[PDB]
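Listed next as structure tokens is one chain, alone, in the form deposited in one PDB entry.
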């Protein structure tokens, strides 16, 4: 059950939802590639206190996750699913969706990312005190950039990152399995029709996204043990909910 014309309709529906929930447009990000942070500006970021850079980054991650919630709410089938399943899917997939979406603002020619109005390399995030996590994020982006994704490909791949029937805690597993299968078909059909099936082999292993997320959660536990009042007083509520309700409020609109 689901004919070719229904699969093609799902492709365009997913692409539209992705376009409408993008933080910034792709052309805006490309037109800013020459706006790079100077050595002085880079030094200023490195000289910020660890707690200040953590709070700035947790706020940026929170803002980006808010767009993933909107993308999920526009995805066919997501709002039909029970509240427990919606939250399980968003808690496990939101960081992963943001990590994949970040490749649009990543310039492989100089290994820089769009951050606070300009492009900057890994060295910009030195005050965080997590070089191994920063390296992993930059390597993941570099390896995604080698695939040269079109916007339609990121829309379909990120819908699949989110709609995963294997996430622990799902009460209606089969209902998510059908949704995932329809999106798998829509993604593969789009790759077939556009002569892009060669990327399937070169996509990152599902364990790579899982490793980046566990590194993020473990480094946050290190930060919170040393600065518990900072996390309580200045970290965004949605960020503590997901990584340390708000999600219920966002899902009811």
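Positions refer to the first chain, counted from 1.
Only in words, not in the display: the form solved in complex with a small molecule, which the text now covers.
*Asks:* Would all three of 91, 221 and 224 be in contact with the small molecule in the entry with it bound, where contact means some heavy atom lies within 4.5 Å?
*Replies:* So, yes: the whole triplet contacts the small molecule.
*Asks:* Of the residues 95, 183, 75, 176, which one places a heavy atom within 4.5 Å of the small molecule in the entry with it bound?
*Replies:* Spelling it out, the residue with a heavy atom inside the cut-off is 95.
*Asks:* How about residue 14 - does it come within 4.5 Å of the small molecule in the entry with it bound, if we only consider non-hydrogen atoms?
*Replies:* Contact with the small molecule, no.
*Asks:* Contact with the small molecule in the entry with it bound for residue 242, defined as at least one heavy atom pair within 4.5 Å: yes or no?
*Replies:* Because a heavy atom of residue 242 falls inside 4.5 Å of the small molecule in the entry with it bound, the answer is yes.
*Asks:* Does the small molecule get within 4.5 angstroms of any non-hydrogen atom of residue 30 in the entry with it bound?
*Replies:* Answer no; every heavy atom of residue 30 is more than 4.5 Å from the small molecule in the entry with it bound.
*Asks:* State yes or no: in the entry with it bound, is some non-hydrogen atom of residue 10 no more than 4.5 angstroms from a non-hydrogen atom of the small molecule?
*Replies:* Result no; residue 10 lies far from the small molecule in the entry with it bound.
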